[PDB]
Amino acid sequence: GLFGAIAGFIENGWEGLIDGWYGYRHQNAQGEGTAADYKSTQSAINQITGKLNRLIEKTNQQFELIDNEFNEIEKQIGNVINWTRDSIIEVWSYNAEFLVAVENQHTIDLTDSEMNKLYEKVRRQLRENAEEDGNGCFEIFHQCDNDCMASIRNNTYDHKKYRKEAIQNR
């Protein structure tokens, strides 16, 4: 991916995370917990759904028979029809392949991006009270209980509250 989060600085995914697409894994005095992030999960899902919405949208263009499988039409017109049909088939086969390749590149990149955007949001939240491990983890200097961790996930963590001890705990 372009952002190097998924299959990058984050070594692998969690098969146990069955609650969402992106999530948090925390360690404190009271142990370990894993929770899904709703907003990021929903952003990715909705983006992909928008792609599906665009692709399953049918055209209402009718086509009629131009030739005949039971009794062969005149060859002069027959040869032109066949040439034209083969040319159109080549165009659509090319179009389909290119569409799906572009969509797939971008789908992987947008999902990678969304992972990156969540990581970055957390880093900015933990202004100076923590630093980056490098495998997508934040080592928190100050002690941070289940309620402090929930404060990070619910996006209300107050940096200046725990500032003092964290920076002292350099």
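Counting begins at 1, following the sequence as shown.
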**Asked** Got a sec? Mean C-alpha B-factor, which is higher, 95-103 or 68-76?
**Response** 95-103
**Request:** On mean C-alpha B-factor from the PDB entry, just flag whether 160-168 or 1-9 is the higher one.
**Result:** 160-168
**Asked** So among 116, 27, 43, 49, who wins on Cα B-factor in the entry?
**Response** 27
**Item:** CA B-factor placement of residue 110, once the chain's modelled residues are sorted into thirds
**Value:** lowest
**Fill in**
Quick tally, chain-level thirds of C-alpha B-factors: residue 141 sits in the highest
